Amino acid sequence: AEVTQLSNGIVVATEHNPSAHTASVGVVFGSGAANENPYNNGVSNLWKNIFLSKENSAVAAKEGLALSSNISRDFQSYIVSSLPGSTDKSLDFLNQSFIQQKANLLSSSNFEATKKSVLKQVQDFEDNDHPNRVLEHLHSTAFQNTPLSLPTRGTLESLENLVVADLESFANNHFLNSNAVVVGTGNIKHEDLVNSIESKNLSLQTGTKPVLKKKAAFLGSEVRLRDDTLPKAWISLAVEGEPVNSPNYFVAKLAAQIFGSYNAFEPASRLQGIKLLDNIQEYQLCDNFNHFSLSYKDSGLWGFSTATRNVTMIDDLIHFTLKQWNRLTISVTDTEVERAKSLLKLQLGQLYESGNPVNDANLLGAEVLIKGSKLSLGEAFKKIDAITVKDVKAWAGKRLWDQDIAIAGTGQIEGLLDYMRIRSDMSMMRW
Amino acid sequence: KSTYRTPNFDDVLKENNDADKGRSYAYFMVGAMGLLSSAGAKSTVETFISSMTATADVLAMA
Amino acid sequence: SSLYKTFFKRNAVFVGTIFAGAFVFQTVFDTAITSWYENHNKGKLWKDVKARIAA
Amino acid sequence: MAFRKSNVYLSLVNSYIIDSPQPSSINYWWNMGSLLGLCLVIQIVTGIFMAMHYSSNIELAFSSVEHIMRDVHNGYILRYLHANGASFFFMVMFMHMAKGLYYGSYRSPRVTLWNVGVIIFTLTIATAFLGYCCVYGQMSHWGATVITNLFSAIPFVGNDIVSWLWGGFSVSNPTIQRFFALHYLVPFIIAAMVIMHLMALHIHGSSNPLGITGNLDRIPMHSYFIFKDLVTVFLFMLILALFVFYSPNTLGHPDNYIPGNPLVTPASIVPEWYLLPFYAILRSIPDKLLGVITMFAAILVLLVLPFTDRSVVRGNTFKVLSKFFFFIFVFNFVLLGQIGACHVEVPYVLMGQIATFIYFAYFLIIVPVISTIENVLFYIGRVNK
Amino acid sequence: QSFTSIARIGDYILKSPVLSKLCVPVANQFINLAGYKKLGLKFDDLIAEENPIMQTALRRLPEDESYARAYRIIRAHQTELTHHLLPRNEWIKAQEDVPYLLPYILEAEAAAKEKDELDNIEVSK
Ligand code: HEC
Ligand code: HEC
Ligand SMILES: COc1c(O)c(C)c(C/C=C(\C)CC/C=C(\C)CC/C=C(/C)CC/C=C(\C)CC/C=C(\C)CCC=C(C)C)c(O)c1OC
Ligand SMILES: CCCCCCCCCCCO[C@@H]1O[C@H](CO)[C@@H](O[C@H]2O[C@H](CO)[C@@H](O)[C@H](O)[C@H]2O)[C@H](O)[C@H]1O
Ligand SMILES: CCCCCCCC1=C(O)C(=O)c2scnc2C1=O
């Protein structure tokens, strides 16, 4: 449970955990899809794909190393996993690919074979992964004409028109030092890694900063992707949430836990202590749903997602759910808040502490990049337990009560009523 | 075209410097409509009811 | 309009405040009208004629 | 499908009168409903034809009814039909209501059905009364006076509501004319209410004498019950005929053949027979305000029955204690009526007071107590441990 | 009134030899005067079913009992409409008049009551 981080030339961050069996090293950049443009959208996803290409991947495999990378909105990360002993051979492969081979990975035979893969990849996504496709579109309309609206995997149109020069252009503007953090998780010590790094000098484009832009903003709107040939209806709905490093980051995350997630087929799920289940189970209004409090640097999204085959009662699904959310402003109970506290701790635990160093790396790098440090799991619990009913009520009265929303859906959505109908349910009549 | 590229709404959108601008106007409008409607309903109801009170020709003081 | 946000603060006007305002309006408006009306017809009314009479 | 099923208008008729699934075992007590519709029609038809010859002015009302009696061809048939029809309307309504009481028709899931029925009963009382005032006989005038004064019991504004209702200093020409206008209006509100009654009946269907489900054995309304309804419709007409032609004034009051007089109230006032039980209840309370409140409560208490019936089975068919007490309630009601026709004298006043007590106690004490006891008896008579 | 409540009172009386000898004979006389047995019905057949508890109960009832309940109810309606009673040798005997649905009704009520309790549990820190 130690968050160690020191700066010499490069800001090095590590979180050691003795019993681990393995160790992971890599760099995480403070720039992701939210830094691209509508036309070069998909560059970051492309980088990730070449970094994992058959050529580069075969080199580290001989050495007994494994590769992993993830593209997000605010950040990007390249990671190399290894045994606790080869904690040095990872640092060689890292520098070899980001300085020496930052021109060998971009050959006219590799880039074309990779481009052909992300194209079949992103296409496959839009053709079949409906729930994620919808959540991606939710960000698209909620933050339109603003950074957060750009899909992480990029659009098929900005992708097929992307050239090697664009990769370089992006890389030379974001893969800088002042916008980077070298992460090390697994078992290796902070002082073990920091030495192998402060050994090899060379700055490589120092003093350079990435370009700036215009702040992200929420806009009440919707995008309806009707498709009557699909067998279900997938919809996502949300209000403007909380950004990371916000006084209410936790109240919000707790508020989502109150309604939580559900799966109509799993017996135990049907028994949960969520009032909403009394309303939706009578006529079986949906196969599943899940609330969330997504947070980013400039903004966030608080809402839920759901999938259903009861295409003639979608208005009741949406109506009941939004009536429950009304309660957070006027009648949420102590026991509901308490049930949430326990469950939030359990999930926040399983995330920050799993048996996989790669997840730890991403989380560590991402956090240190936005707030210059990581909040310890124990420090979180103290904040979570401190939340009162009054807090939830004040938060909801600001974020949920009579506030614009964003909607997105695909499939048999004829039954999803108009905007103003849904919008009206964000409140209740009173004397 | 890509569904992620949201069409232009610039002509319709209000340059948000005052977020609660349209809300204040709409709510005032609805409120004034409710005010005048209630006054009218009250006057109409009173008009019908008072038509059942004693007529001018029967209030003779014997 | 910040003039609205001072009295109602981003919420609509409630029935009670509507009904209350309606009762106030009904009286104020009626006086304003009866006044303007009688002034416009000054000299033609019985009030005015009664003064010019002495019995 | 058949045309009767597909046509927008015919399907309504088909679902309510032709294909409606009825419990195979319902008895003749279930025939009162149709008889009530028939009564409603007879009242509306004969009323409109007489309205053609009636004058509402206080100086002409009484004589215009005499004009209907002496000059209008078949006029006396119209008046005696309308008048005797009102009485028959109540005889049948009480049986309809009593049938519901006995079989637990008021129980869930037919509460809405029962509540709408209470509203109809109130509207019917109001309608008959207004009609009664249109004759403008001696009873008419005083009835119009008493019932409108009932509102003065309300504190503060009460006497105002009254002078308002009268449209003047006393029951006069503005009163009787508004009463006629109102007597014509209300029957159409009853009709609309009767439709809502039927809508509520259609969602769960009729109950049956066994008090259990009818879902395992139903037979079509058409043929079986259409023809069974015909049996009582004709019997109903035969009896009404006997009064209309052979004894037209037996259910009326001689004082109504005397024009209303503002200065003289008859030495002996006996209201309409169907109002007597309520008249007795009113008279039994030596306080003005409490007197009218208790009378109105005698009607509203019908609303309480779905909650005070603690039983686990519907109806009194298989219940010894409940059947017995059901009849105490019935004859207590008749007694109240008999007391209402007597003078406020010694043995009667106390009898009236006790009967009133018993009436309310049935709903609030006897039913809940008895039904609980019966529940337990049913249990301990079969469980062996 | 719930069956849990009916059982509480009924069992208390049934155990105490004071009331058990005083009441049961009256109850037995009551049941015979009711006459439902002459129609081929068992008391449990008479319970009003239009509520969730009874619907759950009838749903859990094993197949063979269900077909039998059905035959008894239909047979009852037919006799009633003919204004007769079944021939005495067809009447339900006291040994047969068993509370077969009762165990399902009580189980459902407890399940229901628990849920009501759990949905409203307060918490003391
Ligand atoms: C205009 C249509 C009209 C309708 C609809 C109507 N009536 Fe009448 N009613 C009259 C007229 C006209 C009189 C006066 C003539 C008379 O005394 O019969 C009257 C008189 C009465 C009387 C006095 C009877 C008597 O002793 O003379 C009663 C009671 C009555 N109506 C009951 C009813 C009931 C109950 C209904 C309906 C369910 C009804 N009326 C519907 C017109 C109507
Ligand atoms: C205070 C109660 C009450 C009043 C008054 C009432 N009803 Fe009903 N009615 C019922 C109930 C309860 C039922 C259900 C009977 C059952 O299935 O056990 C019913 C059923 C019916 C039925 C179905 C057949 C039957 O008789 O059971 C008809 C038709 C009907 N009512 C017509 C009417 C009409 C027409 C009126 C009067 C204008 C009326 N009712 C007034 C309570 C009432
Ligand atoms: C589930 O169980 C049921 C059941 O559902 C039903 C429906 C019935 C059958 C009974 C009924 C349907 C009764 C229904 C009664 C009505 C709908 C009455 C509606 C009433 C009215 C008064 C209609 C209004 C009439 C008019 C406006 C016109 C009259 C005036 C005229 C014609 C004036 C003409 C003028 C000139 C100058 C010629 C049962 O017996 C039954 O038992 C088991
Ligand atoms: C026919 C006779 C006519 C009588 C008068 C007409 C009706 C007037 C009703 C007036 C006010 O009724 C009032 O409406 C506003 C909506 O505008 C309601 O407001 C509700 O919705 C608004 C809008 O999303 C929310 O901001 C608010 O927090 C919420 O309470 C308010 O709670 C209710 O009290
Ligand atoms: C449910 C309403 C019951 C009506 C009760 C009022 C009964 C009633 C009186 O109390 C009365 O003093 C006179 S004088 C002439 N008619 C009446 C009459 O009907």
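According to its header, this structure was worked out by X-ray crystallography, 2.5 Å.
Any Cβ shown, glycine's included, is placed from N, Cα and C.
According to Swiss-Prot:
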type     : residues      : note
TOPO_DOM : D:1-27        : topological domain 'Mitochondrial matrix'
BINDING  : D:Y16, D:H202 : ubiquinone binding site
TRANSMEM : D:28-51       : transmembrane segment
TOPO_DOM : D:52-74       : topological domain 'Mitochondrial intermembrane'
TRANSMEM : D:75-102      : transmembrane segment
BINDING  : D:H82, D:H183 : heme b b562 binding site
BINDING  : D:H96, D:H197 : heme b b566 binding site
TOPO_DOM : D:103-110     : topological domain 'Mitochondrial matrix'
TOPO_DOM : D:136-172     : topological domain 'Mitochondrial intermembrane'
TRANSMEM : D:173-204     : transmembrane segment
TOPO_DOM : D:205-223     : topological domain 'Mitochondrial matrix'
TRANSMEM : D:224-246     : transmembrane segment
TOPO_DOM : D:247-287     : topological domain 'Mitochondrial intermembrane'
TRANSMEM : D:288-308     : transmembrane segment
TOPO_DOM : D:309-319     : topological domain 'Mitochondrial matrix'
TRANSMEM : D:320-340     : transmembrane segment
TOPO_DOM : D:341-347     : topological domain 'Mitochondrial intermembrane'
TRANSMEM : D:348-364     : transmembrane segment
TOPO_DOM : D:365-385     : topological domain 'Mitochondrial matrix'
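Locations of recorded Swiss-Prot features on the structure.
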residue	record	Cβ within 10 Å
D:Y16	ubiquinone binding site	14
D:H82	heme b b562 binding site	20
D:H96	heme b b566 binding site	20
D:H183	heme b b562 binding site	21
D:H197	heme b b566 binding site	21
D:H202	ubiquinone binding site	13
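When each of D:28-51, D:173-204, D:288-308, D:320-340 is checked for Cβ pairs under 8 Å to the transmembrane segment (D:75-102), D:28-51 comes out on top. Among residues of the same chain six or more beyond the transmembrane segment (D:173-204), those with a C-beta under 8 A of the stretch's C-beta atoms are 15-16, 20, 36-37, 40, 43-44, 47, 51, 54, 56-59, 61, 109-110, 112-113, 116-117, 119-120, 123-124, 126-127, 130-131, 133-134, 136, 144, 148, 165-167. Only D:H82 of the binding-site residues listed as D:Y16, D:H82, D:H96, D:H197, D:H202 bring a Cβ under 6 Å of any atom of ligand 1; the order follows the sequence. Highlighted here are the binding-site residues (D:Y16, D:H82, D:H96, D:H183, D:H197) whose C-beta falls below 6 Å from ligand 3: D:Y16, in sequence order. Comparing the Cα of D:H202 (ubiquinone binding site) with the Cα of every entry in D:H82, D:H96, D:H183, these being the binding-site residues, the smallest distance points to D:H96. When the alpha carbons of D:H183 (heme b b562 binding site) and D:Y16 (ubiquinone binding site) are compared, the span between them is 29 angstrom. In terms of C-alpha distance, the listed binding-site residues D:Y16, D:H96, D:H197 place D:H96 closest to D:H82 (heme b b562 binding site). In this entry, nothing among the binding-site residues D:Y16, D:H82, D:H96, D:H183, D:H197, D:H202 has a C-beta under 8 A from a C-beta of chain C. Distance from the CA of D:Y16 (ubiquinone binding site) to the CA of D:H96 (heme b b566 binding site) is 19 Å. Cα spacing between D:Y16 (ubiquinone binding site) and D:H197 (heme b b566 binding site): 12 Å, rounded to the nearest whole number. Long-range contacts of the topological domain 'Mitochondrial intermembrane' (D:341-347) within the same chain: residues 268, 270, 276, 283, each at least 6 residues beyond the stretch ends and with a Cβ under 8 Å from a Cβ of the stretch.
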